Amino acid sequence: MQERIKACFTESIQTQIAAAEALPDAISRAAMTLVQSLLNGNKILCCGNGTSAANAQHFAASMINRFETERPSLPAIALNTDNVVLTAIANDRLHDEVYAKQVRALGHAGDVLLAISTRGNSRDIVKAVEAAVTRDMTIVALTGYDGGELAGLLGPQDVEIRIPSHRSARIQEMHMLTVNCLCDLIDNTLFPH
């Protein structure tokens, strides 16, 4: 078990070191996008499945409540939290529209869709991006592996932060760190402390 645990931490450390070198520019661009949207009075809609759903909620809470400093609640909403809405939509033929329906209903031009997916192929995530585009929203996608379908649906004004890894557990861990570095940048820019 000891060896296994060490190998676990080592793979993580190696992934983070690889990421620290390759992701700074994308993370900075993503932060600029989020900050500008917020400054313009827009909101951030977030979505993800499974662990990615949890990472989306972590971003939402960091904005709505706080990350590390006392400042006003910032407008961010996770679209993977209302179990009534979710199980009701999935209780249909077009079950992959769970996120798309919410984006179409709530999204406004200037808003940002924070999409989180380890593999980037989930149909509900893809449809959410399609819906965001129909609402003139910008996309920030946290991905892994090869980016999947999601990476191929982003325009020049959108930002992909692809973790350099092909192991879901490591990618999800890196997504949490990514969200945290993003939150640190948002608050340092808008509410330094």
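Note that residue numbering begins at 1 and tracks the sequence as displayed.
Stretch comparison (112-120 versus 93-101) by mean CA B-factor in the PDB entry places 93-101 on top. For the segment pair 84-92 and 68-76, the entry gives 84-92 the higher mean B-factor, averaged over Cα atoms.
Looking at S52, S62, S165, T134, the one whose CA carries the top B-factor in the deposited record is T134. For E173, the recorded CA B-factor ranks within the lowest third of the chain. Only modelled residues enter the ranking.
Compared with the other modelled residues of the chain, the Cα B-factor recorded for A20 ranks in the highest third. When all modelled residues of the chain are sorted by CA temperature factor, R29 is found within the highest third. When the CA B factors of the chain's modelled residues are split into thirds, the value for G48 lands in the lowest one.
Per the deposited record, the Cα B-factor of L142 falls in the lowest third when ranked against the other modelled residues of its chain.
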